[PDB]
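Basis for what follows: all heavy atoms, side chains included, without hydrogens, waters or symmetry-related copies. Every chain is numbered from 1, with letters handed out A, B, ... down the list of sequences.
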There are 4 protein chains.
Amino acid sequence: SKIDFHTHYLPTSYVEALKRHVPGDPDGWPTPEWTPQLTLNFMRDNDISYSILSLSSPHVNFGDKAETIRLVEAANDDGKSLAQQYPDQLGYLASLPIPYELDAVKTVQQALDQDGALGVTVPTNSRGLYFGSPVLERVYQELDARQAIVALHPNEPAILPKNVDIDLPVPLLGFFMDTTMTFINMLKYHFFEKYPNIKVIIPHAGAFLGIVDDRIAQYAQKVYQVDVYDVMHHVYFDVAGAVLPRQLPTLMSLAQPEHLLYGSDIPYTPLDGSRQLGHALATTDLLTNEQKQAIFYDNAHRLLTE
Amino acid sequence: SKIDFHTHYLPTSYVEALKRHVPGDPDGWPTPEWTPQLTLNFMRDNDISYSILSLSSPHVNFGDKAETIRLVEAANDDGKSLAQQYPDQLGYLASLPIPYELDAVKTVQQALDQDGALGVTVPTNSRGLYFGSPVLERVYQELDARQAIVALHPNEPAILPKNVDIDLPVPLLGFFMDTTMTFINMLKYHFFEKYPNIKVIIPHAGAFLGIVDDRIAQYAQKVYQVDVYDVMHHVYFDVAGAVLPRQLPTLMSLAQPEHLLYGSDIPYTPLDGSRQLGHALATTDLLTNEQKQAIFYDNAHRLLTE
Amino acid sequence: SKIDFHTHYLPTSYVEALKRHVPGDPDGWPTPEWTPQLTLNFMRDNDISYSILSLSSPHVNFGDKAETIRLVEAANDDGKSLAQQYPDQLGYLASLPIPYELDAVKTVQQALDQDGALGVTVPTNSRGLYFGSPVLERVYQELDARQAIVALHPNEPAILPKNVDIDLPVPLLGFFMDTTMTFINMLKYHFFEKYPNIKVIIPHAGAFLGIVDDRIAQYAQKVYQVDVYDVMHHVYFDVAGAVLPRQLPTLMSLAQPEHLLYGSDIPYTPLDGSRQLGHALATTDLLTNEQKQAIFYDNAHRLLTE
Amino acid sequence: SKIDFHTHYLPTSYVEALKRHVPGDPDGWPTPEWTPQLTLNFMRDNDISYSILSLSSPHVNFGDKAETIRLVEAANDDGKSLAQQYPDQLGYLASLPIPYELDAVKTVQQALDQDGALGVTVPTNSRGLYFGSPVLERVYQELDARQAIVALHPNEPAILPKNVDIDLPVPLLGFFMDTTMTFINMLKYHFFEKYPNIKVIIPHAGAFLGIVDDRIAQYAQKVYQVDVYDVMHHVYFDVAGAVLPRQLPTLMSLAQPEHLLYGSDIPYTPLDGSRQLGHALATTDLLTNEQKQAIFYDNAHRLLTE
Ligand SMILES: [Mn+2]
Ligand SMILES: [Mn+2]
Ligand SMILES: [Mn+2]
Ligand SMILES: [Mn+2]
């Protein structure tokens, strides 16, 4: 069976917040319907024995602090409630009330120490505040002290040129640009050097890292005093998206084999498309049987048992 | 010997315009010194028998139309003058007075029909106007009627988040994001379908195309009614930059073998670094002798003799 | 009776374009319902004998050139058709297919030379191209040759800070910032100096000009070689909006008495609110009866008979 | 004698930070030279008996937290050291390490409770975080508990349209747009309602408030549940800049007579230009002798002795 490290859920209060604050479709991508039953049924039909639920983007920062704290709490309560309802099928990563540092520090401690979260999920940027920002140092310290799993999830870039790619859904190119920019932001701030105990999961096979690393390697070594290649060995990656036949293969010459995790990205990625993507990973000639076994189960299992 | 399809020159008026309008280093990258002799000497020391000179970025659109037209003309006159001075070593691609459509139409006709340009070079975006924009249709029509070579050159993206990758030179990540966004912009506007005779050269081994194509293939097929894979076979690519060991190999499963062109990117890329990059292409185990021969000379030669 | 120089209409194709391209309420302001009868009945109920209709913002530039040209033509045909159906009650200002210079040049000649337009209306900025930009020189020349009336209409600023005034409707502060930025842009490019024959109507009592003029006066004189105070005497101003008791009075110490035009801004401003604004201009102690007569009728009439 | 509530100083570390992080002239305005003697000699030559020094913009947030905290501490030590060296001529407002909430909370307590600060000065926005943002609630609470004076100082707007007013110095229009956006932001978050004890000084005669208030009055009442006119009576205003003959007079129909404070804005505004602006306030026919006395001394004095 497989363990899904990139699968989502949508609390009712979160769905109401989207309709209330976002005109049209969020990220130029229509909000998908969802119920625990949808995920469970998908797990049954695709031999997934365990899913680590996480709140997707847009992040719940709409400009109202009390609202953001309320949404994050509701979302975490749902995650926790589902973990207690299906202890063998569902687990969850806690969302944080970013950009509110002290409040996020409080959520980290509470979600990890008492509410059974397996770790946390954080937006590449929340209305402009990109992860890696020293505005959240105390949050990093609380996460590092707990050797926590930190899964990044791409959000629409804070700002982009308006007269280009007009109406191109944000997930198609924006998400990748943001994840890439965030990774680099983390290198600039010595994140992996200062918080070596955190286990960072970079989604969608590392976005554009497989191409820019080689291009920034020099600058990063000279100006950031960081070896991008060592970092690529240190972090983790989920493999949601069109990772075949080019993206994953390129990533494997940079990533550590034990650090690759399977992900479906349901329900934002239509269930059928997700099934097809997972079937591709199972039958491709680009992966050995050992690698398929690691990506689908062993890697996640090792990570979770630690 | 090799033919360089991505090498630059800097007219004195262009250097004066940069100091006058751009504070600090352009694109967060210090302006390099240059003289024809620098390029010629570099060609001698690296067995390059022919170079196709082109004006790099930033584009010469500073908000003053008459100035832009004056700079573009001066630049083209320099290119032409060098072609007549060293008919066997130097050739040139004309710059255009974008965003001024009718004026650019006039430059295209004049540079190609009477001043010996081998084609044109255009910015991915000129102060926000991204290539592919219907604002320049008449320019495309004049270029298509002449089966012209059109080389894109990345410019700093019109706008980006300000609190991320602070002070990261633009060429390291911005250039790639822009070239990628522009390519997609061209797909949205059916550029290759409407102007099938133009020979578009996409720089730096296609930036991020090797990773996003697979991700947008579906949307592009359904909404743009375009097959991104056919397009990748139709266009050309230069191979300047850290194309090894991941970028070029990925691109070769998408690009046509005869459409890959060598490029050094001097003098913006230090001459020594450029020499090292070219030496890598010559000794790598990732390319057959036939491929090295095609990339370094045959492909460009075929393209130029047409 | 009064003459209304700032009143709007909404072609059905324009309304369908808004629903199709703009998510939610355009400019954060709900699109109003409209038919020719609503304007006409408003005119009878408010002693308005003549209205010069114009298309409001957002401008019809959605990224599709053919569509922009089609929408503009449909809007001008409607304006023309209304002037022919109600010669004594309705007139109109033609819209222009900006940012397409050559096409706009064509619309100006046609609109003014044969379609009966009383002049043109233009957006302070169309997706980033601000009026005054040399990208439209040929358009200015065609307008100056006809001593045309050019009425600016504010649009949402191209871009603004993301985390401030969240959800504040655009017309409340954005429109003013845009009109203000556009006027200065026109100073910078010597618009009034180069096209003295054009009669420019700046909406909403000059937005912030009443306050910034004194601040930029020096710079404009030294760097633009322009006397802002002379320009304020040269252009025109409609007085739609909350012009009393502060805005209009300030503007009158800078504007010429004969260059002040009445405006209601229906139907974007609720009809009852517009009736109240008009009633206030009629009964205020801040204006002499002569000024009320000039603003409501004489100034417009003189400009129209010219 | 007069009391100056808008005058600046430049710590050496701040000057070095500007050269190191800002290319060209900050805010498009050349950094002025300064020593304590320049301010003091200006005071003797212009009948100023007391100046409340403050750090001008750009704010010291360059992306490095430790550096921001270090720069703020160096600036406050200088301010404190000047107040101790010239108890009768110089006082100071402390800067805050915004956007670091907890750290700023610390600076407020220390600055006001033991370092002799007369209050604090804050940027309308620090790299995108606009004052009034709930990200700084704890900072407001610490300030309200001390009935602290909080002086806003405009900074370049986070982002603006790229192709308009090209090269127009930021202080000429940008500063005003920012102060204006910030004031409304504060309305939106019920700042004055929640922190009634803070005495907010809005610079440059309220920027554009004199004109927008009447336009947003309705929306602010209905959506923010705030009466903008009551707020205008509640806050304070310095009168640096070209306040005559239009700006200041408009502001006086909204502001409380006792809440108007004199300001020179040296050394950013050339000393001769500031002397002329002060002389104009002294000889203008737009103010009674009582108002001139209040603006120049009484109002400040009453606020300081409180
Ligand atoms: Mn996802
Ligand atoms: Mn180049
Ligand atoms: Mn209007
Ligand atoms: Mn100041």
Could you walk me through whether B:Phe131 and B:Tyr140 pass the ring pair (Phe, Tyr, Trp, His ring centres under 6.0 Å) test, one step at a time?
CA-CA 10 Å; B:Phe131 205 65; B:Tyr140 309 150; 5.3 Å; yes
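- Cation-pi geometry between B:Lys65 and B:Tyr100 is satisfied (NZ or CZ under 6.0 Å from the ring centre, within 45° of the ring normal).
- With respect to chain A, the highest number of heavy-atom pairs below 4.5 Å among B:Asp165, B:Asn185, B:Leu172 belongs to B:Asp165.
- Centroid-to-centroid, the aromatic rings of B:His234 and B:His259 stay 6.0 Å apart or farther.
- Aromatic ring orientation, A:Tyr224 versus A:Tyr219: perpendicular (interplanar angle above 60°, classes split at 30° and 60°).
- Residue B:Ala207 touches chain A through its backbone alone, counting heavy-atom pairs closer than 4.5 Å.
- Residue with the most contacts toward chain B among A:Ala242, A:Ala158, A:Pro161: A:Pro161 (heavy-atom pairs, distance under 4.5 Å).
- Residue pairs meeting the side chain to side chain donor-acceptor pair (under 3.5 Å) criterion with at least one partner in residues 126-136 of chain A, sequence neighbours excluded, are A:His59-A:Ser126, A:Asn61-A:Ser126, A:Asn125-A:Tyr130, A:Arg127-C:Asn163, A:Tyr130-A:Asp178.
- Using a 4.5 Å cut-off between heavy atoms, B:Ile166 touches chain A through backbone and side chain atoms alike.
- Only the side chain of A:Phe176 comes within contact range of chain B, judged by heavy atoms closer than 4.5 Å.
- Both the backbone and the side chain of A:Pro245 come within less than 4.5 Å of a heavy atom in chain B.
- Ranking B:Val243, B:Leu254, B:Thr180, B:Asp213 against chain A, the residue ahead of the rest is B:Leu254, based on heavy-atom pairs under 4.5 Å.
- For the set A:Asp167, A:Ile184, A:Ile216, the entry with the most heavy-atom pairs within less than 4.5 Å of chain B is A:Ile184.
- The aromatic rings of A:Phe208 and B:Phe208 sit parallel to each other, their planes meeting at less than 30°, with 60° as the upper class boundary.
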